[PDB]
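Trainee: Once you've had a glance at the structure underneath, I'll fire off some questions.
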Amino acid sequence: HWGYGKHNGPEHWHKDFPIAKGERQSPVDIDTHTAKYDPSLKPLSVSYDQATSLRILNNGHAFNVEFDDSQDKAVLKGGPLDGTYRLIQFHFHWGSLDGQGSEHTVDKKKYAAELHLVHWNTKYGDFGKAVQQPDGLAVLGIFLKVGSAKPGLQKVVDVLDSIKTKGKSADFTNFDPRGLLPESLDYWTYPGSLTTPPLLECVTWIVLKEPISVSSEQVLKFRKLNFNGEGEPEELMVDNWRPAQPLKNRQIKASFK
Ligand SMILES: NS(=O)(=O)c1nnc(NC(=O)Cc2cccs2)s1
Ligand SMILES: [Zn+2]
């Protein structure tokens, strides 16, 4: 099955998922000088005050913190979006070294990790229907650099020992995702895809300009997770990022000058 190793990594995905070579694949390199300011772009509206987190799961590729999305509790609106997108889960991609780990790059620069807050368009009724639509998802992407600790990330870091291996889950209630956001909501936006199989071209990507800083100890704990299940040979969950894909016929728009 697919993964991030030598024999099943991103260069192999197209064999099971031919859309891997499609017209709107993600991630991409964000060339900041080529991105065009669009003064018609609205400010982002992030309303996470009523967010209800449920649990955290190691899925063998990353870990997902999942939310109750059966009501408008945590929603993303505005920006390039029409309508309301409901938060369903967040996860990260990270490196084996601080010099790599992000999926999007900025003028070819790689960050240590990248946070993805995944939202689905409520007009499609549920996530499964939404991913079949070109405007089905909105993923808010936030870069992580190594520096000062992010206090709002610590509760995530501390539960990771309980989900070390593939298939392990733990209760994860009352987590506030607002503690993962940077100060500024200036963003770049472009139409793209899921960055893991099935690689569906259903995502409006909104990537924040300002990274958050996390500590060396915090990202070190991400790297102690396992791709494998318990009782299988240990393989550290690191470098679970897809590299930049061709931009093709797309324009990246910026919300800021
Ligand atoms: N890296 S990414 O954000 O582009 C993604 N790639 N695949 C994804 N699949 C899902 O979010 C399905 C799930 C919904 C709720 C729990 S899992 S997100
Ligand atoms: Zn992701």
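Trainee: Find the strands (runs of 3 or more DSSP E) located wholly in region 176-255 whose residues include 3 or more that are among the acidic types (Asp, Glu) and touching a strand residue (DSSP E or B) at 6+ places or on another chain (Cβ under 8 Å), and list them.
Mentor: Hits in region 176-255: none.
Trainee: What's the number of the condition residue 122 fails, among (1) within 16 Å of ligand 2 (Cβ to nearest atom); (2) without any contact (Cβ under 8 Å) to a residue 60 or more places away in the chain?
Mentor: Among (1) within 16 Å of ligand 2 (Cβ to nearest atom); (2) without any contact (Cβ under 8 Å) to a residue 60 or more places away in the chain, residue 122 violates only (1).
Trainee: Among the residues of region 82-99, which ones are away from ligand 1 (no atom under 16 Å from the Cβ) and on the phi < 0 side of the Ramachandran plot? Steps first, please.
Mentor: Within region 82-99, the first condition is being away from ligand 1 (no atom under 16 Å from the Cβ), and the residues that meet it are 82-84, 96-99.
82, 84, 96, 97, 98, 99 - these are the residues of region 82-99 that are away from ligand 1 (no atom under 16 Å from the Cβ) and on the phi < 0 side of the Ramachandran plot.
Trainee: Give region 19-70 a look and list any residue that's of a type in the set (A, V, I, L, M, F, W, C) and outside any loop (DSSP other than H, G, I, E, B), or say none.
Mentor: Selection gives 19, 20, 30, 44, 46, 54, 56, 57, 63, 65, 67.
Trainee: Still on this structure, I have one more. For region 101-128, name all the residues that are within 15 Å of ligand 1 (Cβ to nearest atom), in contact with a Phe, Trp or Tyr (Cβ under 7 Å, 6 or more places away or on another chain) and small (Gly, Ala, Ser).
Mentor: Of everything in region 101-128, those that are within 15 Å of ligand 1 (Cβ to nearest atom), in contact with a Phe, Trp or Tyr (Cβ under 7 Å, 6 or more places away or on another chain) and small (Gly, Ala, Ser) turn out to be 101, 102, 113.
Trainee: Right, next: Inside region 131-155, can you point out the residues that are closer than 17 Å to residue 79 by Cβ and either of a type in the set (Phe, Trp, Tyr) or within 16 Å of ligand 2 (Cβ to nearest atom) (or both)?
Mentor: Those that are closer than 17 Å to residue 79 by Cβ and either of a type in the set (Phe, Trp, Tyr) or within 16 Å of ligand 2 (Cβ to nearest atom) (or both): 136, 137, 138, 139, 140, 141, 142.
Trainee: Looking at region 39-58, which of the residues that are surrounded by 15 or more Cβ atoms within 10 Å (Cβ to Cβ) and out of contact with any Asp or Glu (no Cβ under 8 Å at 6 or more places or on another chain) is farthest from residue 226 (Cα to Cα)? Full working, then the answer.
Mentor: Of all residues in region 39-58, those surrounded by 15 or more Cβ atoms within 10 Å (Cβ to Cβ) come to 41, 44, 46-48, 51-58.
Imposing the further condition that a residue be out of contact with any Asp or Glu (no Cβ under 8 Å at 6 or more places or on another chain) reduces the set to 41, 44, 46-47, 58.
Values: 41: 41, 44: 35, 46: 32, 47: 33, 58: 8 Å.
Restricting to residues being surrounded by 15 or more Cβ atoms within 10 Å (Cβ to Cβ) and out of contact with any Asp or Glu (no Cβ under 8 Å at 6 or more places or on another chain), the top hit is 41.
Trainee: I'm told residue 95 meets every condition in (1) more than 16 Å from ligand 2 (Cβ to nearest atom); (2) within 30 Å of residue 152 (Cα to Cα) except one. Can you identify the failing condition by its number?
Mentor: (1)
Quick reminder, even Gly has a Cβ in these numbers, built from the backbone with ideal geometry, and neighbours come from all protein chains shown. All of the numbers you see were taken from the coordinates with simple rules; none came from a lab.
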